[PDB]
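**Q** Below: the sequence, then the experimentally determined structure.
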4 protein chains.
Amino acid sequence: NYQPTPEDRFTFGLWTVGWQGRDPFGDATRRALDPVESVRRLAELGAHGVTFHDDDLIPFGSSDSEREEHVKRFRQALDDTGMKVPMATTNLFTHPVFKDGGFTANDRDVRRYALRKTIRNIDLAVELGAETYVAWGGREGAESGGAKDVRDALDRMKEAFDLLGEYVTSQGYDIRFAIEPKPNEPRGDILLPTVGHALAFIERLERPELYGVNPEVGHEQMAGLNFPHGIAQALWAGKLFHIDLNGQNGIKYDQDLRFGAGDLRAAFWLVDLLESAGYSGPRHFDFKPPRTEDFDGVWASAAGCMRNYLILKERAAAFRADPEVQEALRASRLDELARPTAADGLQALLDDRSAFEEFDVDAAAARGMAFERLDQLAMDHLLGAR
Amino acid sequence: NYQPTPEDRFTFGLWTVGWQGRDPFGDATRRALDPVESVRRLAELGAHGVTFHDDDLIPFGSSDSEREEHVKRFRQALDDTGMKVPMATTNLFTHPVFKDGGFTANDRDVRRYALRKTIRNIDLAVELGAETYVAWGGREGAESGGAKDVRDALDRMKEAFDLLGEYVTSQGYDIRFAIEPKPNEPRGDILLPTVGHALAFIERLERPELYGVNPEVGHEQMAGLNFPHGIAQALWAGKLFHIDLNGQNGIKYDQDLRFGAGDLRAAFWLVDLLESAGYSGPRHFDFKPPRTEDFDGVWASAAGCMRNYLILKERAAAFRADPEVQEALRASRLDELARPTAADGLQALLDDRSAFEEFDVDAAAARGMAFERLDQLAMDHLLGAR
Amino acid sequence: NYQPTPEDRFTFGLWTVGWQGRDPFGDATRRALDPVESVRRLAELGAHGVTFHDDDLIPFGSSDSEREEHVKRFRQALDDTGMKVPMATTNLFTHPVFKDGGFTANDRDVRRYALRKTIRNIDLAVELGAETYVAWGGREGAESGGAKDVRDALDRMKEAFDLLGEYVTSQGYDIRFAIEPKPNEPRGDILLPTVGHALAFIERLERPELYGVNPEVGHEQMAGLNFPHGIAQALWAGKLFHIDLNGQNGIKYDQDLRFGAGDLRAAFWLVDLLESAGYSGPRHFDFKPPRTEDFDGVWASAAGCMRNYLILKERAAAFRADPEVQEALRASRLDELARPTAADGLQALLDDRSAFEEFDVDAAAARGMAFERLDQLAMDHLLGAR
Amino acid sequence: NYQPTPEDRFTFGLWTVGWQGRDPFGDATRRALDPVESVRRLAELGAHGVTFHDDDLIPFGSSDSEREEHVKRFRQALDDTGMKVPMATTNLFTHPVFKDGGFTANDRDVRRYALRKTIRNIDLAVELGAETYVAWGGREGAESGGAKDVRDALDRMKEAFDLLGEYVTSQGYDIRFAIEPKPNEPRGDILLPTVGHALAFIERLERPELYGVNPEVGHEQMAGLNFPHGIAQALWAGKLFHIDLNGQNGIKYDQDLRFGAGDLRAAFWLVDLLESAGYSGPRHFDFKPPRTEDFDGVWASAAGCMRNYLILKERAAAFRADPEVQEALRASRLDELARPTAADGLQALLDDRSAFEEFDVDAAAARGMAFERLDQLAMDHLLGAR
Ligand SMILES: O=C[C@H](O)[C@@H](O)[C@H](O)CO
Ligand SMILES: O=C[C@H](O)[C@@H](O)[C@H](O)CO
Ligand SMILES: O=C[C@H](O)[C@@H](O)[C@H](O)CO
Ligand SMILES: O=C[C@H](O)[C@@H](O)[C@H](O)CO
Ligand SMILES: [Mn+2]
Ligand SMILES: [Mn+2]
Ligand SMILES: [Mn+2]
Ligand SMILES: [Mn+2]
Ligand SMILES: [Mn+2]
Ligand SMILES: [Mn+2]
Ligand SMILES: [Mn+2]
Ligand SMILES: [Mn+2]
């Protein structure tokens, strides 16, 4: 009954089930969880692995000695459970030093510090077997117009990512980077606010092949955009390196609900696309169990993330395999969208009278697209009402 | 007193002052304007030129004879006034045949028709001296998830733009293309919804040098994004080929208010950036005088567009030239944002103990950015309260 | 298999299935439907009745003779099918005369005209057996701040509704009014923008008992609000006189999708509430079949409205009847929310040491609410995954 | 030069300039300020008074002894400076016990606790001379649909406010309540989300005369609504008891920028209305100096709040006094909006042929409203460009 196994590739950040519940208006409602306990509990629920920021695993300001100890305990829990660590990232947002950003802070000394803190964590990530390193520039941006010259800030962001690519290349590491967009919060406006802006930026880096995107469901929804459409553009460009799955109720603060909550129809269309395109990376959940819950509620919320992905996978698969759906797709001319407009070439098109001079515009205009019938078949499949 | 002249490069679409006032819930409140009359009235107000869709100038379905007549009258009005035509575009959205799109309609025959209608208008545009040809794919998108496979639609969009580039190259024309994003309306979701998504798409075309963006103030604001930030990214990429100026009150239907209405502070920061970066293209207004107005109100609204740009230009210039502002910019370390993080190189950075091992994080964190004082200087300059 | 019957009380506006597909950027894609044909087709699908604006039934500017003829044909179709007319309303938005509003236009003569046009239609509505008369003030509002003094406009709106109440009272009619809010579109801002603002306004009318609200799903969603919460407040006040059901994808133009599309989880919670509270009015659909469809698509979309309500009714009923859900509701203390806080009275509360002096705040704070488990039970029931 | 004095009635919450800068993603960037220091610094800048939550003044869990000491020091600073305390409120949101709400928590014991904590603070407020007591129910709401039955929660909210009214009446206090709406954050949806919903709720309380609203600029803007329109409805109902002034950039997290930032045109129209209507309550700022600033930046931000109100007051006054504006108001028929539609009565209206039978609809429709010219006069006055 929709039971996950390690083969489903479900992963969770330590900071997700570990969120203590502090919000802008309230204190923590839960005690801190030791990373070793989260690894054990997630493994029991059927997860494949975990991810971390540097500061989630090793407390900020730890001595080299303390650092080694934290790593050793963690590595033991991974060995004990068979859990993997497919991705890691850096915290460049919590400490006060990063109040104006890491890579794009106005202060040059802070920008050099941000790069060194990042490089230290890349080494660790490689040691633990991570294949992807995420960068979320949560403090890169502004609340007022004069505070940041965006052209100069993009020069600084490019400079930072180029240096990181030179580092991994020089070291011979087998790791790629994934930039995660967000439109706002905590800054009034954040740089590279959507998947489009991040894809465009990557094309100006020195070694574009090393970088892709890590889109998050609720971030594109904070700009009112269609998440499945954004993922289709990332897949088309060959840059979907990783993904963050969760839920969000429209344009408001970043909610990070469990996957399946928020926009359920968009969750269905997202699973349909990931499974049809054969995405083979981790299915990572970046969510927060609400602060109303105790520890029992935390694990119920984490289990619900995986259950909803499995129900949606079954329903999308039943939709695509139904002969009545296959017929409706041809009725709506999805087969014709997939054929070239003019494989015959420019000259042939220019010489074709059926394309203009003798094209019957009124007859073509009267043809219904039959999209409502197709969408109701999709609704019936989602609801298990066939 | 803020009087425009042709040297200010202010331009208007025929469809702007020519909007009859039909909305989703109401009939037209104004009679149609002849294009010749709009050219004469705009020239009297101090505009530099006009732009058009094919269908604004030559009524859809016109015979070759009628076509020649419409063009001749128009060319006479331009000669009589000294007005120029710096940009043109195609209507691929009004006729019912385009109900599912032009370049990405599911029906192949419609896609071939859309290309031929476009090519016919490129020839005309060149004849009239246009330097830029805009493409707004207002019907490219969907209301439901199964109706459009986005990967296949992006293949079709790329195919169309590649054919257009082959056409202009083969003809030896001196014209470039500018894609105009919009997130929604009239389709539920439109493809290439923001400037970021359009910039990323251009990088996959066969001759990327031929294509840039035509951002519009109110479109990026329909996704809650910061317009000046989006323009800074387009300038950084070298792709700001043209711009549409107007006003919008937040996330709602596309209002197309006169420039200066809507978000006034964002209008100030936009003018500051265009003038500092030395943008030298047209200052084009894509607006609609509200349907509450008669013809006197139409021309007052058009004049207000140009007046507000001129007031904002004066205030931004006074801001940048004030010694007290120059001092506040250094207080907030804008000068340091413009210097390279590590011109010394990767190895030097790795060997620099002042960047990590001996960096005083607490001292750097305590330094205030002085952004509020800078922003209040900007407020005082905008309001003429210095 | 989810087949509607007249007993389900499903109703449709003539303007819904009759929408020709004209949008702000495009011409009509469908021919006009005769009202008699819509009555017959809806009756075959299992609807209970239809509603109309004056102008949908009798073309604007019709002579008394033509008026009688249109009514007679309509009455014949109702008799032939057994369809009823439970609600009617007035068009005070399409004609150019209403460009600044009907009841709150600045011009006094227009305000008197709007009242007379309304009264003429109340008489007709009563003749046809309507129990509710809706008022949607789509043109009451503004695009700019100086154009409308809102205090004076609310005086004018109150004056209009008071006169309407005096009219129905004097005539001895058995009809009540329902005001329908909308936040924007077609005006930049519309007066009484949400259900809250309309409920508050009703309390200042001379005979408040005669007026309630007609909320619409997508209108409250255009302000990012929770529709089921707004309906619960209207039910609490005893003012849910009628409802408009449809779908909307977030904050954007008014989409009017078929019911069940848009926010599916909010559709589930809405049906749960209407059925639990025993709402007994019509289940009216105010939707537009997308302009991509032909007539076959129109009727498929209308049938889908009713099907989705019936599937959701079954799932909400299965949720409330499940013993495991009843247990989870007690686990989350929904039973305690329904008990008075202090039936003992103020003095007893003040004297109760267990309420303050000896209340163990830490013990109460540690109690989890178990909301995630409850919400996953609701997800499983919606998906038919129990 | 726009220097405030105590006579301008400018007030600030202790929590405003006292915000340490902790956000959902970061630690505090400033040290805590002693309330005595904030009183002294605000008095030097020209403020009239301060406001507080119970927990801002007396640390949660303080003994009666400690409580008396905190109050005494505060009262000394007020006496030393001449500052007043016009409003106070309760913190029912920070402590973990309030995770599901105060007045509407599902747990009955928590609801009784919330009432006692509130009553204790009403006594203190009266002692300090407050005239208004604000209630912001920031935790009253939900993240999921089954967690809260809204009808039962509104019964509980009414019960709480009724008990509070019985308390003040029994004690003979001269204090009134003001409910402050917010649509979301920290809960997914908050109950009474806008000024409309709060006004409607007040009408169902036992002694409605004791309660009004405390609207906040950025809260109504989080729902995309027009703030000046909402304030006009509150003034029309006679319920504008207090106001919170700040700035917000559209639909996103609650920014609490300084007043004048965010939507500057809406700030202009708000000042115009408060000054024209003769609002005589405090001009209270509920803002947060951004976490990028040090203490110098905090006081610059607070001073900017008052400066911007004074500049806007001057510009709105110059607008209303300009003869050319007075003429444009008559051109747009604002004078006619203020006259009754039908002082003649219902029968006279029904008998008036000029209102229907002989009304020339086409002539009335052709009359332009001249709103664009009026709005450009308002723009010129705001910018000091007359
Ligand atoms: O909104 C914050 C984030 O999404 C964060 O969890 C990134 O995924 C990792 O740094
Ligand atoms: O929203 C529609 C448009 O912006 C349009 O005017 C384009 O600029 C030109 O086709
Ligand atoms: O947005 C327009 C409407 O909702 C309209 O159909 C009303 O329900 C009836 O006048
Ligand atoms: O968003 C939080 C608030 O607005 C708060 O400061 C209230 O005004 C006072 O409890
Ligand atoms: Mn997030
Ligand atoms: Mn994330
Ligand atoms: Mn536009
Ligand atoms: Mn445009
Ligand atoms: Mn609607
Ligand atoms: Mn409606
Ligand atoms: Mn706020
Ligand atoms: Mn507030």
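**A** Arrived safely. Numbering: from 1, shown residues only, chains lettered A, B, ... in the order given. Ligands and ions are numbered 1, 2, ... in the order given.
**Q** All the strands of the stretch 151-300 of chain A, residue numbers only.
**A** A:176-179, A:189-190, A:211-213, A:244-245, A:283-285 (DSSP state E, counting those that start in this stretch).
**Q** Show me what the third one is packed against.
**A** Applying 3 or more Cβ pairs under 8 Å, 6 or more residues apart in numbering or on different chains; DSSP states H and E, one finds that strand A:211-213 makes contact with strand A:176-179, helix A:195-202. No exception for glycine: its C-beta is placed from N, CA and C like everyone else's.
**Q** Of those, which is nearest ligand 7?
**A** helix A:195-202 (18.4 Å; Cβ to the ion).
**Q** ok, the closest one near ligand 1 or not?
**A** No - applying Cβ under 6 Å from any ligand atom, one finds helix A:195-202 separated from ligand 1 by no less than 13.0 Å.
**Q** could you give the angle of that helix to helix B:195-202?
**A** On the basis of axes from the mean of the first three to the mean of the last three Cα atoms, to 10 degrees, helix A:195-202 is oriented at 50 degrees to helix B:195-202.
**Q** which residues touch helix A:195-202?
**A** Under the contact criterion Cβ atoms under 8 Å, 6 or more residues apart in numbering or on different chains, helix A:195-202 has outside partners A:154, A:157-158, A:179-181, A:191-192, A:208, A:211-213, A:215, A:220, A:230-231, A:233-234, A:237, A:239, B:192-200, B:203, B:230, B:233, B:237.
**Q** make it 7 Å
**A** Residues outside helix A:195-202 that contact it (Cβ atoms under 7 Å, 6 or more residues apart in numbering or on different chains) are A:179, A:181, A:192, A:208, A:211, A:213, A:215, A:220, A:230, A:233-234, A:237, A:239, B:194, B:196-197, B:199-200, B:233, B:237.
**Q** That one and ligand 6 in contact?
**A** No - figure legend: helix A:195-202 not in contact with ligand 6 (Cβ under 5 Å from the ion); closest approach 12.6 Å.
**Q** one step back: list buried residues within the contacts of helix A:195-202.
**A** The neighbour-count test (16 or more other Cβ atoms under 10 Å in any protein chain shown) marks A:179, A:181, A:192, A:211, A:213, A:215, A:220, A:230, A:233-234, A:237, A:239, B:194, B:196-197, B:199-200, B:233, B:237 as buried among the contacts of helix A:195-202.
**Q** Could you show which parts of the stretch 201-350 of chain A are in contact with chain C?
**A** The stretch 201-350 of chain A comes close to chain C at residues A:224, A:250-252, A:260-261, A:264-265, A:289-290, A:292-294, A:296-297, A:300-301, A:304, A:308, A:311, as judged by Cβ under 7 Å from any Cβ of the partner chain.
**Q** 8 Å instead?
**A** A:224, A:250-252, A:258, A:260-261, A:263-265, A:289-290, A:292-297, A:300-301, A:303-304, A:307-308, A:311, A:315 (Cβ under 8 Å from any Cβ of the partner chain).
**Q** Can you name the residue of the stretch 251-386 of chain A nearest to ligand 11?
**A** Nearest residue of the stretch 251-386 of chain A to ligand 11: residue A:253, at 11.7 Å (Cβ to the ion).
**Q** gap between that residue and ligand 5?
**A** 9 Å (Cβ to the ion, to the nearest Å).
**Q** Leaving out chain neighbours, which residue sits closest to that residue?
**A** residue D:253 (4.3 Å; Cβ to Cβ, 6 or more residues apart in numbering or on different chains).
**Q** element containing the nearest residue to residue A:26 once chain neighbours are set aside?
**A** Closest residue in space to residue A:26, ignoring its immediate chain neighbours: residue D:94 at 5.2 Å, by Cβ to Cβ, 6+ apart. Residue D:94 belongs to no helix or strand when assigned by DSSP states H and E.
**Q** count of residues packed around residue D:94?
**A** 16 (other Cβ atoms under 10 Å in any protein chain shown).
**Q** before we move on, back to that, from the residues of the stretch 201-350 of chain A next to chain C, list the buried ones, please.
**A** A:224, A:250-252, A:258, A:260-261, A:263-265, A:289-290, A:292-293, A:297, A:300-301, A:303-304, A:307-308, A:311, A:315.
**Q** Could you tell me which residues of the stretch 51-200 of chain A lie near ligand 1?
**A** Counting by Cβ under 6 Å from any ligand atom, the stretch 51-200 of chain A sits next to ligand 1 at A:53, A:89, A:134, A:136, A:138, A:180, A:182.
**Q** mind running it again at 8 Å?
**A** Contact residues (Cβ under 8 Å from any ligand atom) of the stretch 51-200 of chain A with ligand 1: A:53, A:89, A:90, A:91, A:93, A:134, A:135, A:136, A:138, A:180, A:182, A:185.
**Q** Please name the residues that touch residue A:46.
**A** Contacts of residue A:46 (Cβ under 8 Å, 6+ apart): A:3, A:4, A:5, A:6, A:8, A:10, A:306.
**Q** ok, the nearest residue to the last one once chain neighbours are set aside - contacts?
**A** Counting by Cβ to Cβ, 6+ apart, residue A:306 lies nearest to residue A:4, which is 4.2 Å off, once chain neighbours are set aside. Contact analysis of residue A:4 by Cβ under 8 Å, 6+ apart lists A:10, A:45, A:46, A:47, A:306, A:307, A:310.
**Q** Could you identify which of these has the most neighbours?
**A** Result: residue A:47 is most packed of those (other Cβ under 10 Å), 29 neighbours.
**Q** And that residue, which helix or strand is it part of?
**A** Per DSSP H and E, there is no helix or strand for residue A:47.
**Q** pretty sure it contacts residue A:11?
**A** Yes - applying Cβ atoms under 8 Å, one finds residue A:47 in contact with residue A:11, separated by 6.4 Å.
**Q** give me phi/psi at whichever residue of the stretch 201-350 of chain A sits closest to chain C?
**A** Of all residues in the stretch 201-350 of chain A, residue A:294 sits closest to chain C, at 2.9 Å by Cβ to the nearest Cβ. Backbone torsions for residue A:294, taken as degrees, to the nearest 10, come to phi -90, psi -170.
**Q** can you check residue A:378 too?
**A** phi -70, psi -40.
**Q** And for residue A:102?
**A** Residue A:102 has phi and psi values of phi -110, psi -80 when expressed as degrees, to the nearest 10.
**Q** neighbours of it, just the number please.
**A** 26.
**Q** Could you verify my assumption that it touches residue A:139?
**A** Yes - at 6.3 Å, residue A:102 and residue A:139 qualify as touching, with contact defined as Cβ under 8 Å.
**Q** what residues are shared contacts of those two?
**A** Common neighbours of residue A:102 and residue A:139 (Cβ under 8 Å, 6+ apart) are A:92, A:93.
**Q** And the residue of the stretch 201-350 of chain A closest to ligand 12?
**A** For the stretch 201-350 of chain A, Cβ to the ion, closest residue to ligand 12: residue A:253, 16.0 Å.
**Q** so which of the contacts of residue A:46 also contact ligand 10?
**A** Okay, of these, nothing touches ligand 10 (Cβ under 5 Å from the ion).
**Q** Could you export those residues to CSV, including columns for distance to residue B:122?
**A** Below are these laid out as CSV (distance: Cβ to Cβ, whole Å):
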residue, distance to residue B:122
A:3, 59
A:4, 55
A:5, 57
A:6, 56
A:8, 51
A:10, 51
A:306, 53
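**Q** which SS state does residue A:137 fall under?
**A** coil (DSSP: H, G, I helix; E, B strand; the rest coil).
**Q** And chain B, is stretch A:169-176 touching that?
**A** Yes - counting by Cβ under 8 Å from any Cβ, chain B is contacted by stretch A:169-176 at residue A:170.
**Q** that's a helix at residue A:340, yeah?
**A** No - residue state for residue A:340 (three-state DSSP) corresponds to coil; a helix is not indicated.
**Q** hang on, the earlier thing: can you report how many residues neighbour the residue nearest to residue A:253?
**A** Neighbour tally, residue D:253, other Cβ under 10 Å: 21.
**Q** Tell me which residues touch it, please.
**A** A:24, A:184, A:185, A:252, A:253, A:254, D:185.
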